[PDB]
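Colleague: Dropping the structure in here first, questions after.
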Protein chains: 4
Amino acid sequence: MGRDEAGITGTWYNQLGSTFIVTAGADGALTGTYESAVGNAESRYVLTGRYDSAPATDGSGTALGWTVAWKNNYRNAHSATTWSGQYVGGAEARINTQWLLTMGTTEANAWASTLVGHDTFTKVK
Amino acid sequence: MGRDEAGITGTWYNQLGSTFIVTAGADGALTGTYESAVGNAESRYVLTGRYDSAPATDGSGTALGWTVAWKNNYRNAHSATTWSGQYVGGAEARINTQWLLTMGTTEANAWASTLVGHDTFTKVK
Amino acid sequence: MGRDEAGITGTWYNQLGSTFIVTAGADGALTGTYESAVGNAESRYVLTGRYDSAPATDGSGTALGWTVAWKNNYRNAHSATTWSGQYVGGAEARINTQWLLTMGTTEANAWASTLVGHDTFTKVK
Amino acid sequence: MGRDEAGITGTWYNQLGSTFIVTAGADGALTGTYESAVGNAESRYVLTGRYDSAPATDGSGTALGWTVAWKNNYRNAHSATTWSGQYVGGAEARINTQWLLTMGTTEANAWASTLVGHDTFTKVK
């Protein structure tokens with residue numbers, strides 16, 4: 001019932017080898033789990049987000065985003081990442097994203113609190 | 001039961017005059033609504049996110065993030081913003097954030113798909 | 001001879017207490033020195049950049065940017081920051097910027113190579 | 001005389017088909033020209049920047065950055081982009097960057113003034 005509800009739901013892999021498992025709801029919800037292949041992270045972490053459930057019909061991608069806070073039963077990196085991007089459907093479907101990773105810091109170090117990057121997710125590898 | 005569950009839950013206002021109403025769950029969940037004072041937006045939009053429910057005890061802020069997809073019953077801007085930041089408690093409590101706003105685009109225009117900025121939220125104004 | 005050649009040339013201070021001394025050329029050049037109040041930095045570092053020497057006449061700001069590589073005779077942080085922003089003239093003139101700070105890394109750590117932030121520069125403090 | 005003075009000097013091409021011609025100075029200077037394959041741009045634009053002329057010797061990349069203001073004799077987009085990244089040498093040498101593109105805006109629209117992205121440059125294509 002979302003246009004890309006079906007295209008988005010499932011398992012995605014990025015260039016780092018991380019795994020994003022997501023379910024897209026009819027209404028715009030994203031829920032799932034994230035496992036990072038890098039960094040101070042082990043096992044799965046909860047994720048939540050949103051997507052545009054009625055995208056433009058002119059060949060544009062589907063805007064979406066989601067957040068992981070890097071606390072689970074195993075580790076707590078006192079950090080959260082948000083990914084902002086778009087889903088592009090078709091035989092080589094992709095989710096192209098940029099992300100912001102904020103670490104909790106003291107006020108003195110807050111200038112250095114946020115990393116930025118980019119991840120591309122595919123349905124294989 | 002989250003350390004800052006109580007400090008985060010409520011109504012926050014940014015420098016633009018936008019309003020963020022959020023509830024923080026014991027486990028790390030953020031749910032609420034967002035109303036932008038600017039842009040191609042009207043009324044409230046759903047938001048979801050995550051926060052670190054066991055932050056460092058050394059005066060560091062609390063990492064968190066959340067997403068709004070800019071579709072509601074009134075408008076659809078075919079866009080999503082994610083905010084990444086930290087909550088800082090005390091008499092002048094703040095949520096200091098950076099954000100990424102992705103518009104759905106064609107592949108040809110994808111280079112120009114993402115705006116970046118920064119918002120600071122307070123409990124007054 | 002640049003519209004804001006005169007408004008930009010001089011000494012500017014950001015929210016951190018850093019000092020940016022710049023000369024703007026008629027043709028679009030920015031040259032000067034930068035002294036960071038924070039981080040792995042001591043004394044002055046060379047900076048170079050560019051500005052729009054014929055901005056729009058409708059009350060818009062003046063786009064500009066510049067780079068510092070964090071090597072001088074005292075220290076080498078194996079890093080470079082670029083600021084992208086706009087100059088806004090008038091009784092409270094400002095340069096509002098966002099910045100990207102890249103550290104040289106191994107390929108394995110390149111995902112974590114770039115910090116992002118924002119600085120606002122004024123003619124006082 | 002810079003460690004990567006020779007590796008950086010020359011002609012580079014990004015994923016968009018843009019062309020970056022640069023000379024690296026012994027002391028850390030970058031000078032050259034940029035031609036964008038996309039956007040409101042025609043022909044070459046001046047660029048200036050900086051690089052770390054004494055990078056770490058442990059296989060880390062070489063931090064660098066540069067700026068283009070999008071005014072030349074043909075067009076003026078009232079914008080500037082800064083790229084922040086690192087040079088990685090070897091048989092497949094690359095410059096991996098993130099960038100910030102600021103448009104001059106009114107104060108009311110300044111929230112929407114800055115695009116963010118990422119470009120990867122190679123010596124072929």
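Chain labels follow the order of the structure tokens: the first chain is A, the next B, and so on; residue numbering restarts at 1 in every chain, and ligands are counted from 1 in their shown order.
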Write out as a list in words the set of residues from region 10-111 of chain C that DSSP, computed on the backbone, places in helix (DSSP H, G or I).
Modeller: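 Here are the helix (DSSP H, G or I) residues of region 10-111 of chain C: residues 107, 108, 109, 110 and 111 of chain C.
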Colleague: Identify every residue of chain C that has at least one atom within 7 Å of any atom of chain A, counting only C-alpha atoms, and report the result as a list in words.
Modeller: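 Using only C-alpha atoms, chain C residues at most 7 Å from chain A: residues 111, 112, 114, 115, 116 and 117 of chain C.
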Colleague: At what distance in Å, to one decimal, does CA of residue 62 (chain A) lie from CA of residue 103 (chain B)?
Modeller: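 Computed distance, CA of residue 103 (chain B) to CA of residue 62 (chain A), equals 8.1 Å.
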Colleague: Contacts of residue 88 (chain D) at 12 Å or less, counting only C-alpha atoms, minus same-chain residues fewer than 4 places along, as a list in words?
Modeller: residues 104, 105, 106, 107 and 110 of chain C; 3, 4, 7, 8, 55, 56, 59, 60, 61, 62, 63, 64, 92, 93, 94, 95, 96, 97, 120, 121, 122 and 123 of chain D
Colleague: With a distance cut-off of 7 Å and only C-alpha atoms, select the neighbouring residues of residue 31 (chain B), excluding the residue or stretch itself and same-chain residues fewer than 5 positions from it, and output the selection as a list in words.
Modeller: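 My list of contacting residues is residues 22, 23, 24, 47, 48 and 49 of chain B.
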Colleague: Please measure the separation of CA of residue 78 (chain C) and CA of residue 45 (chain D), giving the value in Å to one decimal.
Modeller: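 CA of residue 45 (chain D) lies at a distance of 27.5 Å from CA of residue 78 (chain C).
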Colleague: In Å to one decimal, how far is CA of residue 76 (chain B) from CA of residue 57 (chain A)?
Modeller: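 Distance reported for this atom pair: 12.7 Å.
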Colleague: Pick the closest to residue 46 (chain A) from A:21, A:14, A:99, A:28: which is it, counting only C-alpha atoms?
Modeller: A:21
Colleague: Just checking: using only C-alpha atoms, which residue out of C:44, C:125, C:50, C:75 ends up closest to residue 12 (chain C)?
Modeller: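 Using only C-alpha atoms, the shortest distance to residue 12 (chain C) belongs to C:125.
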Colleague: Could you go through region 3-122 of chain C and tell me which residues DSSP, when run on the backbone, assigns to strand (DSSP E or B), listing them as a compact mmCIF listing (two decimals) with C-alpha atoms, in the first residue's frame?
Modeller:
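Saved file out.txt follows:
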```txt
# COMPACT_ATOMS: atom_id res chain seq x y z
CA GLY C 10 39.85 42.11 7.89
CA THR C 11 39.73 40.21 11.14
CA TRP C 12 36.88 37.95 12.12
CA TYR C 13 36.19 35.92 15.26
CA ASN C 14 33.98 32.84 15.70
CA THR C 19 40.60 34.30 14.63
CA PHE C 20 40.34 34.45 10.77
CA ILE C 21 42.39 37.26 9.10
CA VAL C 22 41.56 37.59 5.46
CA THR C 23 42.18 39.79 2.46
CA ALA C 24 39.67 39.70 -0.40
CA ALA C 29 40.56 35.64 -4.17
CA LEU C 30 40.71 35.07 -0.36
CA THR C 31 44.12 34.87 1.36
CA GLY C 32 45.01 35.02 4.96
CA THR C 33 45.67 33.22 8.15
CA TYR C 34 43.61 31.21 10.65
CA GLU C 35 44.23 30.60 14.38
CA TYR C 45 47.94 28.60 9.58
CA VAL C 46 47.73 29.65 5.98
CA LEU C 47 44.35 29.88 4.34
CA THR C 48 43.18 30.38 0.82
CA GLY C 49 39.74 30.59 -0.72
CA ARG C 50 37.27 32.23 -3.10
CA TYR C 51 34.25 34.52 -2.95
CA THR C 62 27.78 36.66 -0.69
CA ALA C 63 28.86 33.06 -1.18
CA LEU C 64 32.40 32.15 -0.21
CA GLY C 65 34.69 29.40 1.03
CA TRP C 66 38.13 28.69 2.21
CA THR C 67 40.57 25.95 3.30
CA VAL C 68 43.14 25.50 6.04
CA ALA C 69 45.50 22.57 6.07
CA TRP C 70 46.54 22.08 9.68
CA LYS C 71 50.32 22.10 9.13
CA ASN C 76 50.92 18.99 11.83
CA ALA C 77 47.51 17.50 12.53
CA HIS C 78 47.36 15.72 9.14
CA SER C 79 44.01 17.35 8.54
CA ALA C 80 42.31 20.03 6.51
CA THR C 81 39.11 21.99 7.10
CA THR C 82 37.04 23.72 4.49
CA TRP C 83 34.39 26.32 5.38
CA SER C 84 31.50 27.04 2.98
CA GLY C 85 29.18 29.93 3.70
CA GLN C 86 27.98 33.38 3.06
CA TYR C 87 28.88 36.89 4.13
CA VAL C 88 26.00 39.08 5.23
CA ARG C 94 28.53 38.06 9.83
CA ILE C 95 30.01 35.19 7.93
CA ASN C 96 27.75 32.12 8.49
CA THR C 97 29.47 28.87 7.61
CA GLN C 98 29.35 25.10 7.69
CA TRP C 99 32.62 23.18 7.64
CA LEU C 100 34.15 19.78 6.81
CA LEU C 101 37.29 18.63 8.63
CA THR C 102 39.01 15.63 6.99
CA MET C 103 41.80 13.71 8.77
CA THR C 114 35.39 13.62 8.30
CA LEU C 115 33.89 15.84 11.02
CA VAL C 116 31.18 18.34 10.25
CA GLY C 117 30.19 21.54 11.99
CA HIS C 118 29.20 25.14 11.80
CA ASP C 119 30.91 28.44 12.69
CA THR C 120 29.57 31.92 12.79
CA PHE C 121 32.08 34.78 12.44
CA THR C 122 31.64 38.36 13.58
```
